[PDB]
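Take a look at this one chain, the form deposited in one PDB entry, written out in structure tokens.
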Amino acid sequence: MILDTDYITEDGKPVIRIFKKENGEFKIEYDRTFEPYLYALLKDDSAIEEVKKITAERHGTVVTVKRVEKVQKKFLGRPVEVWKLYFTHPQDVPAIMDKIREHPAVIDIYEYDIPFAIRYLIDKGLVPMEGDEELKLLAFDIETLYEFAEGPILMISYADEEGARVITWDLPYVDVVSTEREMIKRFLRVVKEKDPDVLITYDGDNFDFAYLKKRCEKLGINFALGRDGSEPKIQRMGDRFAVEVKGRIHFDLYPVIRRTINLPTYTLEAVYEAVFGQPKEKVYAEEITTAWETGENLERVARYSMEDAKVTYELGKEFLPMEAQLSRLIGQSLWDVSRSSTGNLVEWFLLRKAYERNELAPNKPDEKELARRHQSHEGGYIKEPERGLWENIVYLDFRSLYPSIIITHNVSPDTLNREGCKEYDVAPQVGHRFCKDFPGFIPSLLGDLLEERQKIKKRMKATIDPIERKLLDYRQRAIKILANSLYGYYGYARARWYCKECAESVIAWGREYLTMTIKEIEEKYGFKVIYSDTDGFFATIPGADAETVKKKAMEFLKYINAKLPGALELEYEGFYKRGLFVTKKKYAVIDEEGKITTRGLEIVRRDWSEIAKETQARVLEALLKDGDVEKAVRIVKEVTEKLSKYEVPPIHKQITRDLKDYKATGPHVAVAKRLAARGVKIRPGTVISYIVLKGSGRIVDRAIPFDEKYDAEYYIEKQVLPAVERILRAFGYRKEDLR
């Protein structure tokens, strides 16, 4: 397959390198023939004679147009003639594009900021991560002793299919070395010997490689982890960094893991238990540092690091196939895709499709234009949830509401308010009209995407091969991720194919279909909807049973599916015996089997009493199973009364901006602001554990660091009341009554 592409400059000329793995052997293909370019839309053909002579200066070097080609391309569904201006080097375009753009016969320029390697991959039609080539994997970690990298790293731990080892400065896997220099040299020898394609880390982009470069510079080590002898190439991405290893794919899992799940804690043990359900030993850096001088508990830490290497490898085995599939589907390298945002992912996909279909790509918005489209966007339809628990309530939701709308109504800038067409669709309450005579750009690609996903699903059902089945699952989920990113692109501020009207029309169409479905389910099938959110609703019968529920629900489903247009379709996903809905996006429902699922309630909010969980679950389990609403309150009041005494024994907010920049001062911010005079260093993402003592004054005034939980009756009265006041009000029990 193809692993990555880059370019080096040889005698002022750019040479593309394609890293490949064919039949078990790493290979580098060189291309010296590709040339950067832009497109220029001119007042008249004549003007090229003046424009082709436009020159600039880069470093004392004159930059000239190498050659030109007149080309006919489609722009927003309409034909356009432009001039392709080629150049010698990628760096020449930034130097000369402004002068070309300023010239008076040049109406505009286009496609001037595409990075060279990506551009090469698109224009050649080359696709990374294709085929059945097997890629060797290697995971590693480092443990240091607690300014940055002043302390040495105590050990380095690596894991692969055959096992995990630890190279630190008395055990089969662990190797103990004389010094830190020897340990890093040994780790490098290990990586060179095994020669892996994928290097797996956890937060390696911003911790492990930076630390290693600092320690190598301090010890004068050439850390040539690359297959071309190169050192890791640091890169700046946003306010953070990414690290690349030439000839390999450095797979950092932290950016990927952040995008897949929404765990409150994102340390390796936390994600590992989320993904596999198994505990992971946790070792703090300070504990590891003490072992070196003492010599004791070396194995414990070496086991806490060995296990980190192993879990990093395991998470990498489980996450690499999905990213490889996304890479295949977007048409860019894994390194890029695994680190990129969904907006950029759609952009890369569309730019490839555009080059395939000879469509000229719109420019990224300028800063003024960016502000012009930064106005508020209308949200999805939500009904305030009916308070209290309900009986025999059923959940129905649309399949792919927004993609299905875009395909059914052909929503695209290409088709917006086009004149002279036989057929049109009209958006509700915003009135936009979309032509139905020819398929739009996005609607076309979206339709093919959904087609392919359906084909893959059927192939999944009919295959005997369990490996192929797992593979196709990955592929179809990748398609779902891309297809669902497409609506976001219509309203994406930085999008090239931005279309305000398309976005609002999609939202309006979604709301119309949802509310109309609810209207007819009540008016024509006698149903009450308890709660709804943008693409689905919880509704029920006043009196009926589970079998009744199902049989009756499918009548409405067929009726409405026959009336629903095209791909628009509603389905039955949830049977639930009783539901407790507290507010929008905050509910608890329990199923016929006895499982209960939580959304938005206090349980999953990071600010919460640790031990109030038992009574929270009991209140939900009594409310939802027993259905007795005084039982819930006599439970709450009995726990409160028993917490008076003779009860068996049983608060951190992150700072996002610096205290000088903070507009106000909250109780946790007063602690951090005071710490600045106390000096212990504070940074975005660190956590304020604070307490409030029983004393007169402002709440910022009385907030204290935590090291400076007693639960002696009053603690139970700190934020418990809000956590159940609305929950328990539905049943007539006031805040005052509970205490």
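So that the term is clear: the rigid core is the largest set of C-alpha atoms that superpose within 1.5 Å between two forms. Each residue number is its position in the shown sequence, starting from 1.
The protein also exists as the form deposited in another entry; that form is not presented, and the subsequent description refers to it.
Superposed on the rigid core, the two forms differ between this form and the one not shown by 2 Å or more at the C-alpha of one listed residue only; from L445, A291, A354, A117 that residue is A291. The Cα position of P466 differs by 2 Å or more between this form and the one not shown after fitting on the rigid core.
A371: CA moves less than 2 Å between this form and the one not shown after rigid-core fitting. Relative to the superposed core, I18 shifts its CA atom by less than 2 Å between this form and the one not shown. Look at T540 and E630: in the other form their Cα atoms move 3 Å or more farther apart than in this form.
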